[PDB]
Amino acid sequence: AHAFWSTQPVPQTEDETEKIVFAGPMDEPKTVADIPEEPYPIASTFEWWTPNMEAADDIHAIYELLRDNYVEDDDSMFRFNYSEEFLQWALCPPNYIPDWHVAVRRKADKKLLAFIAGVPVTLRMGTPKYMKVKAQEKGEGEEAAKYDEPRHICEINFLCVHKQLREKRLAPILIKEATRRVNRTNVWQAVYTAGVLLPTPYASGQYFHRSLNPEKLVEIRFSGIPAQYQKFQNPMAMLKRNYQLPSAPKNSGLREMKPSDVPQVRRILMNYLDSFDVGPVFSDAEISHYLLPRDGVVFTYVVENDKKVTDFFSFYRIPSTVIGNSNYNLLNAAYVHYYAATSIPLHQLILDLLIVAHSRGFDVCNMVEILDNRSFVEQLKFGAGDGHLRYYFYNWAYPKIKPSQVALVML
Ligand SMILES: CCCCCCCCCCCCCC(=O)SCCNC(=O)CCNC(=O)[C@H](O)C(C)(C)COP(=O)(O)OP(=O)(O)OC[C@H]1O[C@@H](n2cnc3c(N)ncnc32)[C@H](O)[C@@H]1OP(=O)(O)O
Ligand SMILES: CN(C)Cc1[nH]nc2ccc(-c3ccc(F)cc3OCCc3cccnc3)cc12
Ligand SMILES: [Mg+2]
């Protein structure tokens, strides 16, 4: 059924998945020297291209491909519209590897036809807690602990084939070439997410939305006036009342994050993320890059009490194109990023997130039920959306875990 995925080192079924008791590689080991030094063969009318993220034109080309051809919702009403500044941020973290950004252009005119990107990540991806317990009972503790150490792997994102080239088996060619370029750097695992079901997720979580501007969400048919709001003489005014937020954060002590906060934010984030089975390890440089405020891209606030940062939250912006509304062109969405609470309940920290996002003109706040995102769903009036984000590894056997055991946010 899967002419490409059947050839690859991933669990092939939920059954195979269910028989996995220890983290580790799928494939028997290979070496750098074994990997072909030349790009994968491609049709004589296409050419491989490694964009230069320092070049505005290169970023623009990527931007335009994704604006017109990237992920839509299931009803083709909305398409993600990542900005050029967001793409530069996402694609160029500390020590990124230029060769891991892989594109296909049409030779004649240099039109970008397909793209895939890899970036480095350091991930805790050893045997999960519930499985380590089972192992201790089997006297199988050592094998269970073998791959406990954080690993330097590849995070894959932004796979896109132009609409005119769909269903021509171009996506496998992209994936094979990305795999080659990564393997040539002695990295043999990747992590990726998708909304679609592929062989075979190690975790799956529902996504959620929190209305910040319900009048606009209704206008663009992101939301409806729910049928229960019909019992009301005036459905809409009631809907705004329901989702109203304060003008200003309620935590005194909240301010935007500045560079001098990086060491403290790194400490509190790394301590928190340890509670989770799969999660990134970030250096000070990586904390700086992923969390310092950047206009229109990422927004981060700390709670500082007695000159000590005790809590923080971050969110990032992805606008969506609204396909065909006479009044609005764009949906301005905020997505919950990393956070850590030590002084206050999480619901109280994230209420400030919603307050800031609303003040700054966002229409909706979105998140997947990873981290401890379930703890504030009800009180903060998040609703479950129509699908799931699925988490996957390439070349890593991994037992099924709950999404509330996942601490990697994928952009
Ligand atoms: C160690 C290093 C490893 C590095 C690599 C790690 C793996 C990275 C994996 C990539 C992680 C990406 C993470 C993200 O960025 S997820 C976002 C994916 N992007 C979009 O949804 C944008 C809109 N759609 C498109 O651009 C195209 O429809 C894509 C490119 C998605 C498929 O193009 P097209 O529709 O023209 O089809 P095809 O004829 O070329 O190819 C058909 C084959 O492609 C398999 N397919 C379909 N969708 C996906 C998908 N999202 N992940 C992986 N595989 C996918 C499909 O099952 C089939 O294989 P098989 O079923 O026949 O076997
Ligand atoms: C995470 N990277 C690889 C991007 C990506 N690729 N496939 C994706 C499917 C879902 C989401 C997603 C994630 C978090 C969230 F809070 C809401 C989400 O989707 C709402 C529905 C939607 C989909 C598409 C367009 N508009 C709305 C991201 C996806
Ligand atoms: Mg294709």
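Below, all heavy atoms of this structure are taken into account, side chains as well, without hydrogens, waters or symmetry copies. Atoms within each ligand, like the ligands themselves, are counted from 1 in listed order. Along the sequence shown, the residues carry numbers beginning at 1.
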Using 30° and 60° as the class boundaries, would you call the ring planes of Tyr398 and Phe393 parallel, tilted or perpendicular? perpendicular

What is the ring orientation for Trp396 with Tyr147, classed by angle as parallel under 30°, tilted 30 to 60°, or perpendicular over 60°? perpendicular

Any chance you could measure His152, atom NE2, to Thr122, atom OG1, to the nearest 0.5 Å? 4.5 Å

Using only heavy-atom distances, determine whether the side chains of [X] and [Y] contain a donor-acceptor pair under 3.5 Å.
X      : Y      : value
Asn373 : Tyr339 : yes
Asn81  : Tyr63  : yes
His388 : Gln206 : no
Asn251 : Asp352 : yes
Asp311 : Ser343 : yes
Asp372 : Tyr272 : yes
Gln189 : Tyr394 : no

Name the option, out of [options], that contains the heavy atom nearest to [atom].
atom                    : options                        : value
atom 25 (C) of ligand 1 : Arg181, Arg180, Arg166, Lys176 : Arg166
atom 26 (O) of ligand 1 : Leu66, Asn69, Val161           : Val161
atom 32 (C) of ligand 1 : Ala171, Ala117, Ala3           : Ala171
atom 13 (C) of ligand 1 : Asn183, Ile153, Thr193         : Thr193
atom 49 (C) of ligand 1 : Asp27, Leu198, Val191, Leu389  : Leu198
atom 37 (O) of ligand 1 : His162, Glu167, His2, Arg79    : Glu167

I need the contact type for [X] against ligand 1. Using non-hydrogen atoms and a strict under-4.0 Å cut-off, is it side chain, backbone, both or neither?
X      : answer
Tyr394 : side chain
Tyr392 : neither
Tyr192 : side chain
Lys168 : backbone
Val182 : side chain
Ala178 : neither

[Y]/[X] salt bridge by N-O under 4.0 Å criterion:
X      : Y      : value
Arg184 : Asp34  : no
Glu18  : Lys400 : no
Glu177 : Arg180 : yes
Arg266 : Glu286 : no
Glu85  : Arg294 : no
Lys146 : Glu143 : no

Min N/O separation [X] to ligand 1 under 3.5 Å:
X      : result
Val196 : no
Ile175 : no
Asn157 : no
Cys160 : no
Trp188 : no

Any protein heavy atom at under 4.0 Å, with atom 18 (C) of ligand 1 as the reference point? yes

Would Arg166 count as a contact for the Mg ion (ligand 3), in the sense that one of its N, O or S atoms lies under 2.8 Å from it? no

When distances are taken from atom 45 (C) of ligand 1, the protein heavy atom at minimum range is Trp5 NE1, 3.9 Å

Out of all atoms in ligand 1, which are within 4.0 Å of some heavy atom of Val71? Include the element for each. 17 (C), 19 (N), 20 (C), 21 (O), 22 (C)

So if I only count non-hydrogen atoms and take anything under 4.0 Å from ligand 2, which residues does that give, chain by chain? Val71, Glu72, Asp73, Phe80, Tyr82, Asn157, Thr193, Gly195, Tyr207, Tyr335, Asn366, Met367, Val368, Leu389, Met410, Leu411

